[PDB]
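Asker: So here's target.cif, just mmCIF, N, CA and C atoms:
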```
data_final
loop_
_atom_site.group_PDB
_atom_site.id
_atom_site.type_symbol
_atom_site.label_atom_id
_atom_site.label_comp_id
_atom_site.auth_asym_id
_atom_site.auth_seq_id
_atom_site.Cartn_x
_atom_site.Cartn_y
_atom_site.Cartn_z
ATOM 1 N N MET A 1 126.433 212.889 84.060
ATOM 2 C CA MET A 1 127.182 213.858 83.222
ATOM 3 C C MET A 1 126.951 213.519 81.749
ATOM 4 N N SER A 2 126.519 214.487 80.939
ATOM 5 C CA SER A 2 126.118 214.266 79.537
ATOM 6 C C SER A 2 127.172 214.760 78.527
ATOM 7 N N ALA A 3 127.185 214.183 77.315
ATOM 8 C CA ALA A 3 127.914 214.696 76.147
ATOM 9 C C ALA A 3 127.094 215.681 75.279
ATOM 10 N N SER A 4 125.815 215.899 75.616
ATOM 11 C CA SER A 4 124.891 216.914 75.060
ATOM 12 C C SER A 4 124.314 216.518 73.684
ATOM 13 N N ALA A 5 123.106 215.935 73.682
ATOM 14 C CA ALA A 5 122.428 215.446 72.468
ATOM 15 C C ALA A 5 122.212 216.538 71.403
ATOM 16 N N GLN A 6 121.988 217.788 71.824
ATOM 17 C CA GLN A 6 121.784 218.931 70.923
ATOM 18 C C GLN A 6 123.045 219.297 70.118
ATOM 19 N N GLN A 7 124.249 219.027 70.641
ATOM 20 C CA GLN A 7 125.508 219.255 69.916
ATOM 21 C C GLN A 7 125.803 218.097 68.954
ATOM 22 N N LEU A 8 125.437 216.864 69.331
ATOM 23 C CA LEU A 8 125.584 215.670 68.490
ATOM 24 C C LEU A 8 124.642 215.732 67.273
ATOM 25 N N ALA A 9 123.389 216.153 67.485
ATOM 26 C CA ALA A 9 122.351 216.281 66.455
ATOM 27 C C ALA A 9 122.702 217.254 65.315
ATOM 28 N N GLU A 10 123.550 218.259 65.561
ATOM 29 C CA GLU A 10 124.016 219.190 64.522
ATOM 30 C C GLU A 10 124.866 218.496 63.447
ATOM 31 N N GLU A 11 125.603 217.439 63.801
ATOM 32 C CA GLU A 11 126.430 216.682 62.854
ATOM 33 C C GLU A 11 125.596 215.695 62.020
ATOM 34 N N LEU A 12 124.605 215.029 62.630
ATOM 35 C CA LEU A 12 123.700 214.077 61.958
ATOM 36 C C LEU A 12 122.978 214.706 60.754
ATOM 37 N N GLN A 13 122.651 215.999 60.852
ATOM 38 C CA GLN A 13 121.976 216.780 59.810
ATOM 39 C C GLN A 13 122.884 217.083 58.599
ATOM 40 N N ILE A 14 124.217 216.994 58.727
ATOM 41 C CA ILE A 14 125.165 217.208 57.612
ATOM 42 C C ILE A 14 125.199 215.968 56.706
ATOM 43 N N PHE A 15 125.278 214.788 57.318
ATOM 44 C CA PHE A 15 125.491 213.504 56.638
ATOM 45 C C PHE A 15 124.183 212.763 56.291
ATOM 46 N N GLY A 16 123.023 213.268 56.731
ATOM 47 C CA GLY A 16 121.699 212.690 56.452
ATOM 48 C C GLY A 16 121.361 211.481 57.338
ATOM 49 N N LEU A 17 121.915 211.425 58.552
ATOM 50 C CA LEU A 17 121.747 210.333 59.513
ATOM 51 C C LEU A 17 120.410 210.492 60.254
ATOM 52 N N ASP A 18 119.342 209.916 59.699
ATOM 53 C CA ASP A 18 117.981 210.030 60.244
ATOM 54 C C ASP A 18 117.792 209.182 61.521
ATOM 55 N N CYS A 19 117.641 209.874 62.659
ATOM 56 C CA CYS A 19 117.462 209.330 64.011
ATOM 57 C C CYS A 19 116.331 210.075 64.752
ATOM 58 N N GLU A 20 115.564 209.361 65.580
ATOM 59 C CA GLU A 20 114.743 209.968 66.640
ATOM 60 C C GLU A 20 115.593 210.311 67.868
ATOM 61 N N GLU A 21 115.070 211.149 68.768
ATOM 62 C CA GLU A 21 115.751 211.569 70.001
ATOM 63 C C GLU A 21 116.283 210.379 70.821
ATOM 64 N N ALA A 22 115.540 209.264 70.888
ATOM 65 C CA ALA A 22 115.977 208.058 71.593
ATOM 66 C C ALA A 22 117.219 207.390 70.967
ATOM 67 N N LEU A 23 117.413 207.536 69.649
ATOM 68 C CA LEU A 23 118.598 207.050 68.936
ATOM 69 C C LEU A 23 119.736 208.079 68.935
ATOM 70 N N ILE A 24 119.450 209.382 69.011
ATOM 71 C CA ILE A 24 120.469 210.431 69.235
ATOM 72 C C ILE A 24 121.098 210.268 70.629
ATOM 73 N N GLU A 25 120.268 210.086 71.660
ATOM 74 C CA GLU A 25 120.721 209.827 73.030
ATOM 75 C C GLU A 25 121.522 208.518 73.143
ATOM 76 N N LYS A 26 121.283 207.514 72.290
ATOM 77 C CA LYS A 26 122.084 206.283 72.283
ATOM 78 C C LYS A 26 123.574 206.553 72.009
ATOM 79 N N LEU A 27 123.919 207.504 71.127
ATOM 80 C CA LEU A 27 125.316 207.898 70.906
ATOM 81 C C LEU A 27 125.868 208.735 72.065
ATOM 82 N N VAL A 28 125.048 209.573 72.707
ATOM 83 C CA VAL A 28 125.427 210.297 73.940
ATOM 84 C C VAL A 28 125.813 209.307 75.048
ATOM 85 N N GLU A 29 125.041 208.227 75.235
ATOM 86 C CA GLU A 29 125.399 207.149 76.171
ATOM 87 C C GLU A 29 126.765 206.520 75.842
ATOM 88 N N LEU A 30 127.083 206.272 74.561
ATOM 89 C CA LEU A 30 128.417 205.790 74.166
ATOM 90 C C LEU A 30 129.506 206.823 74.477
ATOM 91 N N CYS A 31 129.319 208.105 74.141
ATOM 92 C CA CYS A 31 130.285 209.167 74.442
ATOM 93 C C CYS A 31 130.610 209.249 75.943
ATOM 94 N N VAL A 32 129.595 209.082 76.790
ATOM 95 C CA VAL A 32 129.703 209.127 78.259
ATOM 96 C C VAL A 32 130.345 207.842 78.819
ATOM 97 N N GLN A 33 129.967 206.661 78.311
ATOM 98 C CA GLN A 33 130.509 205.371 78.764
ATOM 99 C C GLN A 33 131.983 205.183 78.358
ATOM 100 N N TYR A 34 132.338 205.539 77.123
ATOM 101 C CA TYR A 34 133.688 205.358 76.567
ATOM 102 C C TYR A 34 134.625 206.546 76.865
ATOM 103 N N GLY A 35 134.082 207.713 77.251
ATOM 104 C CA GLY A 35 134.854 208.936 77.526
ATOM 105 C C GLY A 35 135.417 209.544 76.238
ATOM 106 N N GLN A 36 134.593 209.587 75.188
ATOM 107 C CA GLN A 36 134.998 209.817 73.797
ATOM 108 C C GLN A 36 134.176 210.958 73.174
ATOM 109 N N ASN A 37 134.830 211.804 72.368
ATOM 110 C CA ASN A 37 134.182 212.878 71.617
ATOM 111 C C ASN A 37 133.224 212.350 70.525
ATOM 112 N N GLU A 38 132.084 213.026 70.356
ATOM 113 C CA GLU A 38 130.981 212.645 69.470
ATOM 114 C C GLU A 38 131.320 212.612 67.972
ATOM 115 N N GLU A 39 132.370 213.306 67.515
ATOM 116 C CA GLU A 39 132.838 213.219 66.124
ATOM 117 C C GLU A 39 133.327 211.806 65.750
ATOM 118 N N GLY A 40 133.713 210.977 66.733
ATOM 119 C CA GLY A 40 133.996 209.549 66.535
ATOM 120 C C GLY A 40 132.707 208.742 66.416
ATOM 121 N N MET A 41 131.779 208.926 67.365
ATOM 122 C CA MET A 41 130.480 208.233 67.400
ATOM 123 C C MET A 41 129.607 208.551 66.176
ATOM 124 N N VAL A 42 129.628 209.790 65.680
ATOM 125 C CA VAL A 42 128.940 210.184 64.436
ATOM 126 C C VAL A 42 129.753 209.774 63.196
ATOM 127 N N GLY A 43 131.072 210.007 63.179
ATOM 128 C CA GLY A 43 131.907 209.847 61.980
ATOM 129 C C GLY A 43 132.141 208.396 61.566
ATOM 130 N N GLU A 44 132.449 207.515 62.522
ATOM 131 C CA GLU A 44 132.737 206.098 62.246
ATOM 132 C C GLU A 44 131.463 205.277 61.962
ATOM 133 N N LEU A 45 130.305 205.760 62.425
ATOM 134 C CA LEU A 45 128.983 205.183 62.145
ATOM 135 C C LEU A 45 128.576 205.319 60.665
ATOM 136 N N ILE A 46 129.051 206.354 59.962
ATOM 137 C CA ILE A 46 128.743 206.581 58.535
ATOM 138 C C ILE A 46 129.205 205.398 57.679
ATOM 139 N N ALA A 47 130.405 204.867 57.937
ATOM 140 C CA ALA A 47 130.942 203.707 57.219
ATOM 141 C C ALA A 47 130.030 202.471 57.349
ATOM 142 N N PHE A 48 129.475 202.235 58.542
ATOM 143 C CA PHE A 48 128.522 201.151 58.792
ATOM 144 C C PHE A 48 127.207 201.369 58.016
ATOM 145 N N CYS A 49 126.625 202.575 58.078
ATOM 146 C CA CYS A 49 125.417 202.940 57.317
ATOM 147 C C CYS A 49 125.615 202.882 55.788
ATOM 148 N N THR A 50 126.805 203.235 55.287
ATOM 149 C CA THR A 50 127.194 203.075 53.873
ATOM 150 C C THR A 50 127.260 201.603 53.484
ATOM 151 N N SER A 51 127.900 200.756 54.290
ATOM 152 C CA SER A 51 128.009 199.306 54.028
ATOM 153 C C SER A 51 126.657 198.560 54.046
ATOM 154 N N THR A 52 125.700 198.966 54.901
ATOM 155 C CA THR A 52 124.327 198.420 54.913
ATOM 156 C C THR A 52 123.406 199.084 53.889
ATOM 157 N N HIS A 53 123.810 200.233 53.344
ATOM 158 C CA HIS A 53 123.105 201.075 52.360
ATOM 159 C C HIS A 53 121.873 201.809 52.951
ATOM 160 N N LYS A 54 121.661 201.743 54.272
ATOM 161 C CA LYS A 54 120.461 202.264 54.938
ATOM 162 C C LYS A 54 120.465 203.805 55.056
ATOM 163 N N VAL A 55 119.391 204.464 54.596
ATOM 164 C CA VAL A 55 119.205 205.938 54.682
ATOM 165 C C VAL A 55 118.649 206.420 56.035
ATOM 166 N N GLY A 56 118.168 205.489 56.865
ATOM 167 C CA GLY A 56 117.674 205.714 58.226
ATOM 168 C C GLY A 56 118.145 204.634 59.201
ATOM 169 N N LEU A 57 118.296 205.010 60.474
ATOM 170 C CA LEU A 57 118.865 204.167 61.528
ATOM 171 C C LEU A 57 117.782 203.596 62.461
ATOM 172 N N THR A 58 118.146 202.547 63.210
ATOM 173 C CA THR A 58 117.272 201.784 64.116
ATOM 174 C C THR A 58 117.957 201.543 65.449
ATOM 175 N N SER A 59 117.182 201.136 66.451
ATOM 176 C CA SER A 59 117.706 200.674 67.743
ATOM 177 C C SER A 59 118.647 199.464 67.616
ATOM 178 N N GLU A 60 118.509 198.659 66.554
ATOM 179 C CA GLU A 60 119.417 197.555 66.244
ATOM 180 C C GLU A 60 120.751 198.068 65.666
ATOM 181 N N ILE A 61 120.738 199.046 64.748
ATOM 182 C CA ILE A 61 121.968 199.628 64.166
ATOM 183 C C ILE A 61 122.824 200.293 65.252
ATOM 184 N N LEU A 62 122.242 201.147 66.104
ATOM 185 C CA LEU A 62 123.006 201.807 67.173
ATOM 186 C C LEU A 62 123.400 200.859 68.323
ATOM 187 N N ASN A 63 122.726 199.722 68.490
ATOM 188 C CA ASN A 63 123.183 198.637 69.366
ATOM 189 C C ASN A 63 124.388 197.897 68.748
ATOM 190 N N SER A 64 124.294 197.476 67.483
ATOM 191 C CA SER A 64 125.370 196.756 66.791
ATOM 192 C C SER A 64 126.642 197.593 66.606
ATOM 193 N N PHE A 65 126.536 198.921 66.499
ATOM 194 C CA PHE A 65 127.674 199.843 66.386
ATOM 195 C C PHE A 65 128.700 199.698 67.530
ATOM 196 N N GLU A 66 128.255 199.316 68.736
ATOM 197 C CA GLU A 66 129.145 199.022 69.868
ATOM 198 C C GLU A 66 130.097 197.853 69.573
ATOM 199 N N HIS A 67 129.602 196.817 68.893
ATOM 200 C CA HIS A 67 130.353 195.610 68.538
ATOM 201 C C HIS A 67 131.041 195.716 67.160
ATOM 202 N N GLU A 68 130.501 196.541 66.257
ATOM 203 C CA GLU A 68 131.001 196.760 64.901
ATOM 204 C C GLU A 68 132.293 197.593 64.869
ATOM 205 N N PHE A 69 132.560 198.421 65.889
ATOM 206 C CA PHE A 69 133.709 199.331 65.894
ATOM 207 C C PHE A 69 134.299 199.618 67.284
ATOM 208 N N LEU A 70 133.466 199.902 68.303
ATOM 209 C CA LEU A 70 133.946 200.426 69.595
ATOM 210 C C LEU A 70 134.648 199.362 70.458
ATOM 211 N N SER A 71 134.059 198.184 70.647
ATOM 212 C CA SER A 71 134.672 197.126 71.480
ATOM 213 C C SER A 71 135.942 196.517 70.852
ATOM 214 N N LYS A 72 136.091 196.593 69.523
ATOM 215 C CA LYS A 72 137.256 196.081 68.780
ATOM 216 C C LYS A 72 138.574 196.813 69.109
ATOM 217 N N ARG A 73 138.489 198.100 69.477
ATOM 218 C CA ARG A 73 139.633 199.017 69.634
ATOM 219 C C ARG A 73 139.822 199.573 71.060
ATOM 220 N N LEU A 74 138.927 199.249 72.001
ATOM 221 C CA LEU A 74 138.871 199.820 73.351
ATOM 222 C C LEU A 74 140.186 199.643 74.138
ATOM 223 N N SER A 75 140.746 200.746 74.629
ATOM 224 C CA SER A 75 141.980 200.766 75.435
ATOM 225 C C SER A 75 141.767 200.430 76.918
ATOM 226 N N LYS A 76 140.548 200.629 77.425
ATOM 227 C CA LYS A 76 140.175 200.384 78.828
ATOM 228 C C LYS A 76 140.113 198.886 79.195
ATOM 229 N N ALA A 77 139.981 198.010 78.189
ATOM 230 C CA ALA A 77 139.916 196.556 78.334
ATOM 231 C C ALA A 77 141.300 195.860 78.330
ATOM 232 N N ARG A 78 142.372 196.588 77.981
ATOM 233 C CA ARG A 78 143.751 196.070 77.855
ATOM 234 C C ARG A 78 144.395 195.745 79.212
#
```
Now, as a test, write the supplied structure out as C-alpha cells.
Answerer:
Amino acid sequence: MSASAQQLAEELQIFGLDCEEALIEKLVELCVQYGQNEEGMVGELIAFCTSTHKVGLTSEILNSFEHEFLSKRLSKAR
C-alpha cells in the first residue's frame, strides 16, 4: 500500500527540494512505515536542509532524517 510518490513530488517543487525518484520514494516508505501524512515528511525535512544549508538532497540525508526527527517523537515505541 503506497502514499503515492506523484502527490509527494508536487510539494518538493514549492520549496526547491531537489530529489531523484529513488529519494522521493524514500519519503513514501516513511509515510507507509510510520502511518503518517506526507506534509510532515516534506515539511519537517526543510528545517534539516536549512540547518545543513544544502540545496540538493542525498541517500544519506533521507536516511539521517529518520533519526533527526521521526524516531525522537514516535508514539508506536511507547
Asker: If I take atom C of residue 16 (chain A) and atom N of residue 57 (chain A), how far is one from the other in Å, to one decimal?
Answerer: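 Separation between atom C of residue 16 (chain A) and atom N of residue 57 (chain A): 7.8 Å.
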Asker: Rank A:28, A:23, A:17, A:5 by their smallest atom-to-atom distance to residue 55 (chain A), using only N, CA and C atoms, and report the top residue only.
Answerer: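 That would be A:17, the residue with the smallest distance to residue 55 (chain A).
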Asker: Write out as a PDB file with N, CA and C atoms, keeping the file's coordinate frame which residues come within 12 Å of residue 25 (chain A) when counting only C-alpha atoms, dropping same-chain ones fewer than 2 positions away.
Answerer:
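Result file is part.pdb:
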```pdb
ATOM      1  N   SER A   2     126.519 214.487  80.939  1.00  0.00           N
ATOM      2  CA  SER A   2     126.118 214.266  79.537  1.00  0.00           C
ATOM      3  C   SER A   2     127.172 214.760  78.527  1.00  0.00           C
ATOM      4  N   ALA A   3     127.185 214.183  77.315  1.00  0.00           N
ATOM      5  CA  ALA A   3     127.914 214.696  76.147  1.00  0.00           C
ATOM      6  C   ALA A   3     127.094 215.681  75.279  1.00  0.00           C
ATOM      7  N   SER A   4     125.815 215.899  75.616  1.00  0.00           N
ATOM      8  CA  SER A   4     124.891 216.914  75.060  1.00  0.00           C
ATOM      9  C   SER A   4     124.314 216.518  73.684  1.00  0.00           C
ATOM     10  N   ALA A   5     123.106 215.935  73.682  1.00  0.00           N
ATOM     11  CA  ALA A   5     122.428 215.446  72.468  1.00  0.00           C
ATOM     12  C   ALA A   5     122.212 216.538  71.403  1.00  0.00           C
ATOM     13  N   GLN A   6     121.988 217.788  71.824  1.00  0.00           N
ATOM     14  CA  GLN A   6     121.784 218.931  70.923  1.00  0.00           C
ATOM     15  C   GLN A   6     123.045 219.297  70.118  1.00  0.00           C
ATOM     16  N   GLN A   7     124.249 219.027  70.641  1.00  0.00           N
ATOM     17  CA  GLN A   7     125.508 219.255  69.916  1.00  0.00           C
ATOM     18  C   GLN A   7     125.803 218.097  68.954  1.00  0.00           C
ATOM     19  N   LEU A   8     125.437 216.864  69.331  1.00  0.00           N
ATOM     20  CA  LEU A   8     125.584 215.670  68.490  1.00  0.00           C
ATOM     21  C   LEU A   8     124.642 215.732  67.273  1.00  0.00           C
ATOM     22  N   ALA A   9     123.389 216.153  67.485  1.00  0.00           N
ATOM     23  CA  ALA A   9     122.351 216.281  66.455  1.00  0.00           C
ATOM     24  C   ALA A   9     122.702 217.254  65.315  1.00  0.00           C
ATOM     25  N   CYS A  19     117.641 209.874  62.659  1.00  0.00           N
ATOM     26  CA  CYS A  19     117.462 209.330  64.011  1.00  0.00           C
ATOM     27  C   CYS A  19     116.331 210.075  64.752  1.00  0.00           C
ATOM     28  N   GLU A  20     115.564 209.361  65.580  1.00  0.00           N
ATOM     29  CA  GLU A  20     114.743 209.968  66.640  1.00  0.00           C
ATOM     30  C   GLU A  20     115.593 210.311  67.868  1.00  0.00           C
ATOM     31  N   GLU A  21     115.070 211.149  68.768  1.00  0.00           N
ATOM     32  CA  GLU A  21     115.751 211.569  70.001  1.00  0.00           C
ATOM     33  C   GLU A  21     116.283 210.379  70.821  1.00  0.00           C
ATOM     34  N   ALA A  22     115.540 209.264  70.888  1.00  0.00           N
ATOM     35  CA  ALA A  22     115.977 208.058  71.593  1.00  0.00           C
ATOM     36  C   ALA A  22     117.219 207.390  70.967  1.00  0.00           C
ATOM     37  N   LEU A  23     117.413 207.536  69.649  1.00  0.00           N
ATOM     38  CA  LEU A  23     118.598 207.050  68.936  1.00  0.00           C
ATOM     39  C   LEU A  23     119.736 208.079  68.935  1.00  0.00           C
ATOM     40  N   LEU A  27     123.919 207.504  71.127  1.00  0.00           N
ATOM     41  CA  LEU A  27     125.316 207.898  70.906  1.00  0.00           C
ATOM     42  C   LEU A  27     125.868 208.735  72.065  1.00  0.00           C
ATOM     43  N   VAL A  28     125.048 209.573  72.707  1.00  0.00           N
ATOM     44  CA  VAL A  28     125.427 210.297  73.940  1.00  0.00           C
ATOM     45  C   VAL A  28     125.813 209.307  75.048  1.00  0.00           C
ATOM     46  N   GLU A  29     125.041 208.227  75.235  1.00  0.00           N
ATOM     47  CA  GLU A  29     125.399 207.149  76.171  1.00  0.00           C
ATOM     48  C   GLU A  29     126.765 206.520  75.842  1.00  0.00           C
ATOM     49  N   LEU A  30     127.083 206.272  74.561  1.00  0.00           N
ATOM     50  CA  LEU A  30     128.417 205.790  74.166  1.00  0.00           C
ATOM     51  C   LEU A  30     129.506 206.823  74.477  1.00  0.00           C
ATOM     52  N   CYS A  31     129.319 208.105  74.141  1.00  0.00           N
ATOM     53  CA  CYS A  31     130.285 209.167  74.442  1.00  0.00           C
ATOM     54  C   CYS A  31     130.610 209.249  75.943  1.00  0.00           C
ATOM     55  N   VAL A  32     129.595 209.082  76.790  1.00  0.00           N
ATOM     56  CA  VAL A  32     129.703 209.127  78.259  1.00  0.00           C
ATOM     57  C   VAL A  32     130.345 207.842  78.819  1.00  0.00           C
ATOM     58  N   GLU A  38     132.084 213.026  70.356  1.00  0.00           N
ATOM     59  CA  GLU A  38     130.981 212.645  69.470  1.00  0.00           C
ATOM     60  C   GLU A  38     131.320 212.612  67.972  1.00  0.00           C
ATOM     61  N   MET A  41     131.779 208.926  67.365  1.00  0.00           N
ATOM     62  CA  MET A  41     130.480 208.233  67.400  1.00  0.00           C
ATOM     63  C   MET A  41     129.607 208.551  66.176  1.00  0.00           C
ATOM     64  N   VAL A  42     129.628 209.790  65.680  1.00  0.00           N
ATOM     65  CA  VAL A  42     128.940 210.184  64.436  1.00  0.00           C
ATOM     66  C   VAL A  42     129.753 209.774  63.196  1.00  0.00           C
ATOM     67  N   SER A  59     117.182 201.136  66.451  1.00  0.00           N
ATOM     68  CA  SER A  59     117.706 200.674  67.743  1.00  0.00           C
ATOM     69  C   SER A  59     118.647 199.464  67.616  1.00  0.00           C
ATOM     70  N   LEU A  62     122.242 201.147  66.104  1.00  0.00           N
ATOM     71  CA  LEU A  62     123.006 201.807  67.173  1.00  0.00           C
ATOM     72  C   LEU A  62     123.400 200.859  68.323  1.00  0.00           C
TER      73      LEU A  62
END
```
Asker: Figure out the distance between atom C of residue 26 (chain A) and CA of residue 58 (chain A), please, to one decimal in Å.
Answerer: 11.2 Å
Asker: Need the axis-aligned box for region 41-47 of chain A with 6 Å each side, so what are the centre and edges in Å to one decimal, as lines of an AutoDock Vina configuration file?
Answerer:
```
center_x = 130.7
center_y = 206.3
center_z = 62.3
size_x = 16.2
size_y = 19.7
size_z = 22.2
```
Asker: Would you list, as an NGL selection string, the residues of chain A that end up in helix (DSSP H, G or I) under DSSP run on this structure's backbone?
Answerer: :A and (5-15 or 21-34 or 38-52 or 59-73)
Asker: Go ahead and compute the interatomic distance for CA of residue 69 (chain A) and CA of residue 37 (chain A), in Å to one decimal.
Answerer: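 Pair CA of residue 69 (chain A) / CA of residue 37 (chain A) returns 14.7 Å.
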Asker: Using only C-alpha atoms, which residue out of A:15, A:1, A:35, A:24 lies closest to residue 75 (chain A)?
Answerer: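 Nearest to residue 75 (chain A): A:35.
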Asker: Could you rebuild region 49-64 of chain A with N, CA, C and O atoms and give it back as a PDB file, keeping the file's coordinate frame?
Answerer:
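So part_14.pdb came out as:
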```
ATOM      1  N   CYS A  49     126.625 202.575  58.078  1.00  0.00           N
ATOM      2  CA  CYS A  49     125.417 202.940  57.317  1.00  0.00           C
ATOM      3  C   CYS A  49     125.615 202.882  55.788  1.00  0.00           C
ATOM      4  O   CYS A  49     124.702 202.474  55.060  1.00  0.00           O
ATOM      5  N   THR A  50     126.805 203.235  55.287  1.00  0.00           N
ATOM      6  CA  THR A  50     127.194 203.075  53.873  1.00  0.00           C
ATOM      7  C   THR A  50     127.260 201.603  53.484  1.00  0.00           C
ATOM      8  O   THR A  50     126.677 201.219  52.473  1.00  0.00           O
ATOM      9  N   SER A  51     127.900 200.756  54.290  1.00  0.00           N
ATOM     10  CA  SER A  51     128.009 199.306  54.028  1.00  0.00           C
ATOM     11  C   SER A  51     126.657 198.560  54.046  1.00  0.00           C
ATOM     12  O   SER A  51     126.471 197.624  53.257  1.00  0.00           O
ATOM     13  N   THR A  52     125.700 198.966  54.901  1.00  0.00           N
ATOM     14  CA  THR A  52     124.327 198.420  54.913  1.00  0.00           C
ATOM     15  C   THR A  52     123.406 199.084  53.889  1.00  0.00           C
ATOM     16  O   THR A  52     122.331 198.558  53.609  1.00  0.00           O
ATOM     17  N   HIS A  53     123.810 200.233  53.344  1.00  0.00           N
ATOM     18  CA  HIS A  53     123.105 201.075  52.360  1.00  0.00           C
ATOM     19  C   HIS A  53     121.873 201.809  52.951  1.00  0.00           C
ATOM     20  O   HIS A  53     121.088 202.413  52.216  1.00  0.00           O
ATOM     21  N   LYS A  54     121.661 201.743  54.272  1.00  0.00           N
ATOM     22  CA  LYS A  54     120.461 202.264  54.938  1.00  0.00           C
ATOM     23  C   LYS A  54     120.465 203.805  55.056  1.00  0.00           C
ATOM     24  O   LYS A  54     121.414 204.389  55.584  1.00  0.00           O
ATOM     25  N   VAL A  55     119.391 204.464  54.596  1.00  0.00           N
ATOM     26  CA  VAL A  55     119.205 205.938  54.682  1.00  0.00           C
ATOM     27  C   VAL A  55     118.649 206.420  56.035  1.00  0.00           C
ATOM     28  O   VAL A  55     118.673 207.615  56.328  1.00  0.00           O
ATOM     29  N   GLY A  56     118.168 205.489  56.865  1.00  0.00           N
ATOM     30  CA  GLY A  56     117.674 205.714  58.226  1.00  0.00           C
ATOM     31  C   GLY A  56     118.145 204.634  59.201  1.00  0.00           C
ATOM     32  O   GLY A  56     118.379 203.492  58.804  1.00  0.00           O
ATOM     33  N   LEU A  57     118.296 205.010  60.474  1.00  0.00           N
ATOM     34  CA  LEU A  57     118.865 204.167  61.528  1.00  0.00           C
ATOM     35  C   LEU A  57     117.782 203.596  62.461  1.00  0.00           C
ATOM     36  O   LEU A  57     116.645 204.087  62.497  1.00  0.00           O
ATOM     37  N   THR A  58     118.146 202.547  63.210  1.00  0.00           N
ATOM     38  CA  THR A  58     117.272 201.784  64.116  1.00  0.00           C
ATOM     39  C   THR A  58     117.957 201.543  65.449  1.00  0.00           C
ATOM     40  O   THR A  58     119.175 201.647  65.571  1.00  0.00           O
ATOM     41  N   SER A  59     117.182 201.136  66.451  1.00  0.00           N
ATOM     42  CA  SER A  59     117.706 200.674  67.743  1.00  0.00           C
ATOM     43  C   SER A  59     118.647 199.464  67.616  1.00  0.00           C
ATOM     44  O   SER A  59     119.532 199.291  68.455  1.00  0.00           O
ATOM     45  N   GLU A  60     118.509 198.659  66.554  1.00  0.00           N
ATOM     46  CA  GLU A  60     119.417 197.555  66.244  1.00  0.00           C
ATOM     47  C   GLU A  60     120.751 198.068  65.666  1.00  0.00           C
ATOM     48  O   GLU A  60     121.806 197.607  66.098  1.00  0.00           O
ATOM     49  N   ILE A  61     120.738 199.046  64.748  1.00  0.00           N
ATOM     50  CA  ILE A  61     121.968 199.628  64.166  1.00  0.00           C
ATOM     51  C   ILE A  61     122.824 200.293  65.252  1.00  0.00           C
ATOM     52  O   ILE A  61     124.016 199.999  65.349  1.00  0.00           O
ATOM     53  N   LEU A  62     122.242 201.147  66.104  1.00  0.00           N
ATOM     54  CA  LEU A  62     123.006 201.807  67.173  1.00  0.00           C
ATOM     55  C   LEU A  62     123.400 200.859  68.323  1.00  0.00           C
ATOM     56  O   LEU A  62     124.370 201.147  69.030  1.00  0.00           O
ATOM     57  N   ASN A  63     122.726 199.722  68.490  1.00  0.00           N
ATOM     58  CA  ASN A  63     123.183 198.637  69.366  1.00  0.00           C
ATOM     59  C   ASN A  63     124.388 197.897  68.748  1.00  0.00           C
ATOM     60  O   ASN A  63     125.425 197.744  69.393  1.00  0.00           O
ATOM     61  N   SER A  64     124.294 197.476  67.483  1.00  0.00           N
ATOM     62  CA  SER A  64     125.370 196.756  66.791  1.00  0.00           C
ATOM     63  C   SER A  64     126.642 197.593  66.606  1.00  0.00           C
ATOM     64  O   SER A  64     127.736 197.029  66.643  1.00  0.00           O
TER      65      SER A  64
END
```
